[PDB]
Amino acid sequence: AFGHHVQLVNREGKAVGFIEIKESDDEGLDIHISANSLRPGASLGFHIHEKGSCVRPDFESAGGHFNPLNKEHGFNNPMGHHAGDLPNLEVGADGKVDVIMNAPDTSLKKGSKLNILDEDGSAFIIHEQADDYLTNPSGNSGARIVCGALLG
């Protein structure tokens, strides 16, 4: 079943949706994201960062793409992808996105290195532009515009 509810907040700390997580059949994790107040018809970058902490306005604070296996950024990068790299989100006419994505290289299991549940927590971030699955460290996805901290 889905759980570990995470609330999503924008630059101004307004609630703009939520995330929940399922230990996947199969395998790794499934991420249910349901958001609003986003740039309509946009394609928007989206990653798991290494610090469960969401400080306005900019969310630097932190990280850090979740990168326990110390690779570079991007699906299409031969040296790359960060365990926390996820596909771009597609926004409805709406301004809303409501999907389940699989993060195959993540975990909640204790003693797991891919464990995104840990002392520090992890944070889910939606970026301002679309990700190019290639450029370090960011895929040129731009500013951090939405954040959600996972602890527990």
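All residue numbers refer to positions in the sequence shown, first residue = 1.
Check: So which stretch wins on mean C-alpha B-factor, 105-113 or 41-49?
Finding: Per the PDB record, 105-113.
Notebook entry, point to check: Looking only at CA atoms, which has the higher mean B factor in the entry: 18-26 or 128-136?
Noted result: Mean B over CA atoms: larger for 18-26.
Margin query: By the CA temperature factor listed in this entry, which of these ranks top: 90, 98, 85, 119?
Written below: In the PDB entry, the greatest C-alpha B-factor among 90, 98, 85, 119 is found at 119.
Check: Against its chain's modelled residues, does residue 152's Cα B factor rank lowest, middle or highest third?
Finding: Highest third - that is where residue 152 ends up once the chain's C-alpha B-factors are sorted.
Next item on the list: Compare the C-alpha B factor of residue 55 with those of the other modelled residues in its chain, then answer lowest, middle or highest third.
Entry: According to the entry, residue 55 has a C-alpha B-factor in the chain's middle third.
Next item on the list: Tell me, lowest, middle or highest third: where does the Cα B factor of residue 123 rank within its chain?
Entry: For residue 123, whose C-alpha B-factor we compare with every modelled residue in the chain, the answer is the middle third.
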